[PDB]
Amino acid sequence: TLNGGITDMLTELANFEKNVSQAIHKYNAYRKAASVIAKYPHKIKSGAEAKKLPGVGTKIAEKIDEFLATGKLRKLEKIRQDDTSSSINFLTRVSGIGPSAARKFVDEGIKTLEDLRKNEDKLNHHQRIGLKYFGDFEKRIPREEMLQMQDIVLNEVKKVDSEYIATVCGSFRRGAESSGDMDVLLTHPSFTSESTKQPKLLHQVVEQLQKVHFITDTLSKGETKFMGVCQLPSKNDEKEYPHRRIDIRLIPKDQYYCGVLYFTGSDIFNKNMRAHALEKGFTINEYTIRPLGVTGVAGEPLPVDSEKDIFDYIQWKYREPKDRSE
């Protein structure tokens, strides 16, 4: 928390550039700066001191000087006051509403939560569910509740087919004391890079979790990726638990390690590692690490028997999940 004011400012600027300006490289630039400063173990006293960190440049350094001097950033103070910016920033907080839809809605005069409720007719299915659970999706998940959810998911999967392996990833696997959502990596021996010998492998699981009233809604669903909503059961006379977002990714069993690396993250950690892989002549996705040939075209998948094998190829020391929270 040494530099919370600064990292908050950069995050707000990042969000502005994504949601309002639609400038995703600026969003990523601010995100990278905020991350590098967040792990900096000194209380930053100057923009010049910050500029020594990779990803902090001259423009961010100047903003840090303004913020250190005054506790504020004029540029943000005015963004906070501009009506369309603030309306756009709000609407993108609904799952399924991005910068595009948010601006179109603001264009048609839909700019408040009440406006959206009045105009449910104009939302696609994802957006309608995001609106329904807007309040619940603001609440974080205590790790203790993550553990109960894990119990349910693992046991329910076992009951569909004992050969399923389900792994909770994301911030949970990084050891976070609370999470924004639950991410589940799924594998089954009938689904490898070489063949899919059983159909419906993800569907069967979604169905089982629906039938025990754990999964309550679906935002998107295909053959390998589910995105929806779930809820812990509550005890007699207790208030219901908040509804929670859940993502499930079925990964070819032989590609578990690249999959678990991807799904564990963080997002920024993945972004940095994939970028470093490129510097080193490889490309990494959730399935494989491949070398880049003399012309920048991916070659054949290299053998991988461990998360560390991936770190090895790109000449990074192994980092435990808990140390990947960038």
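Definition used throughout: the rigid core is the maximal C-alpha set that superposes within 1.5 Å between two forms. All residue numbers refer to positions in the sequence shown, first residue = 1.
Core-fitted comparison in 7 other deposited structures of this protein shows that, between 67-75 and 250-258, the CA atoms farther from the shown form belong to 67-75. Greater C-alpha displacement in 7 other deposited structures of this protein (rigid core superposition, RMS over structures and residues), of 178-186 versus 78-86: 78-86.
Across the other entries compared, at least a third leave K197 without coordinates even though the residues on each side are present. Higher mean CA B-factor, judged across 209-217 and 103-111 from the recorded values: 103-111. For the pair 281-289 and 295-303, the mean Cα B-factor is higher in 295-303. You'll see in the entry that, of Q150, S178, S193, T84, the Cα B factor peaks at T84. Sorting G71, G130, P233, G135 by the CA temperature factor given in the entry leaves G71 at the top. Compared with the other modelled residues of the chain, the Cα B-factor recorded for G55 ranks in the highest third. Among all modelled residues in its chain, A23 ranks in the highest third by Cα B-factor. Among the modelled residues of its chain, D254 has a C-alpha B-factor that falls in the middle third according to the deposited record. Per the PDB record, residue ranking by Cα B-factor puts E238 in the highest third of the chain. Looking at the C-alpha B-factors along this chain, the one for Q198 belongs to the highest third.
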